[PDB]
Each structure stands twice: as structure tokens, then as C-alpha cells.
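Following: one structure in C-alpha cells, then a few remarks.
Residue numbers (the deposited numbering): 1 to 106.
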């Protein structure tokens, strides 16, 4: 019935998933199929905050960098990991936590 969660568990840099795991650059375009996902275009910078596990492991969560130095969109959304190239690890994405009800809400 209701939209099933994309995953039951995820990997983060910390329990709250508030620190980014990595900085990545998009290699492919990706238009979000619904509000849970992030729309990205080749060349954009994405800060990765979560990596889903198990059934949702193709997808990562993060935010897109803006146009002025230092700008990161507030909105978090999911995207296929394969569309980006991770360029710098900021923190190990080792903290294994459960996804909550708010993770896939939009």
C-alpha cells in the first residue's frame, strides 16, 4: 500500500547523519523520479551524507552545491551512487543506523 522505505538501514558519518561523508562530482545526469530523489546534472558537486544499505544500497543521500562559494542546498534527497565520482572522503561512513520515518518523507 504505502510507499515502502527505500532501505531499513543506512551508513552515516555520525548517529545523526549531520556531517558529510564525502564530496563527489556528478558524471551523469539524473532527474528525480519523485520527491524523494535529488535532481543532478553532469559536473555538479554533491555532498554525500548517507549511504543506504541492503535493498536500497544503489542509492546515496546528500545535497547539491550551489553557485556561490560555500553554498549547499538545504534539501537532502536520494540518488544512484553510480552517477557520482567521490573525490574526497571527509569522514568514514561507518555509523550503521536504522532509517527513521522522516528519512523518506519529502
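Just so you know, even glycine gets a beta-carbon here, dropped at the ideal spot from N, CA and C.
* Asked: Can you list, in chain order, the residues of its chain whose CB lies under 6 angstroms from that of residue 50, leaving out five sequence neighbours each side?
  -> By one-based count along the chain shown, residue 50 stands at place 50. Same-chain partners within the cutoff: 10, 12, 17, 61.
Look at residue 24 and residue 46 and say whether their C-beta atoms are less than 8 angstroms apart.
-> As a working mapping, residue 24 is identified with position 24 in the chain shown. As a working mapping, residue 46 is identified with position 46 in the chain shown. Yes; because the gap between Cβ atoms is below 8 angstroms, this pair is in contact.
(request) Could you check if residue 92 is buried or exposed, using at least 16 other CB atoms within 10 Å of its CB as the buried criterion? (result) Here residue 92 is taken as the residue at index 92 of the chain shown, counted from 1. Answer is exposed; the Cβ neighbour count stays below 16.
Sort out for me which residues DSSP pairs residue 12 with in a bridge.
-> Start at 1 with the first residue of the chain shown, and residue 12 comes out as number 12. Answer by DSSP bridge pairing, in chain order: 50, 95.
Three-state secondary structure (DSSP) of residue 85: Numbered from its first residue, the chain shown carries residue 85 at position 85. DSSP places residue 85 in strand when its eight states are reduced to three.
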